[PDB]
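Have a look below at one chain only, the form deposited in one PDB entry, in structure tokens format.
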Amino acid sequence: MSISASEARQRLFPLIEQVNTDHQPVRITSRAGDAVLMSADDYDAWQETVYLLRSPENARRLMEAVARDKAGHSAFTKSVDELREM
């Protein structure tokens, strides 16, 4: 979860499998500054949902969609549970 740009340039393939599995960002350090590698799905999803949050009513529309079905229930309970653990 933190490594030199030097160790990361060798190890990009497994770092990318990594961020896409455990969904944990990787800090890459460097003399010319530090960087974060992350799952590109996660990042994109994060942007696109903030895109939809133009107002409280959209946040409400999101929660409902989540309340609609059993897969919504699953995904939302796991998120709250993640939260509850930290």
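Residue positions are given as counts along the sequence shown, with the first one as 1. We call the rigid core the largest set of C-alpha positions that still match within 1.5 Å between the two forms.
Here the stretch with the larger average CA B-factor, out of 20-28 and 71-79, is 71-79.
Separately, the form deposited in another entry exists; it is not shown, and the next lines address it.
Once both forms are fitted on their core, a CA shift of 2 Å or more is seen for residue 59 between the shown form and the other one. Residue displacement note: residue 36 has its CA displaced by under 2 Å between the shown form and the other one (rigid core superposed). After superposing the rigid core, the Cα of residue 75 is displaced by 2 Å or more between the shown form and the other one. Compared with the form shown here, the Cα atoms of residue 35 and residue 51 move at least 3 Å closer together in the other form. Relative to the shown form, the CA atoms of residue 25 and residue 49 are brought 3 Å or more closer together in the other form.
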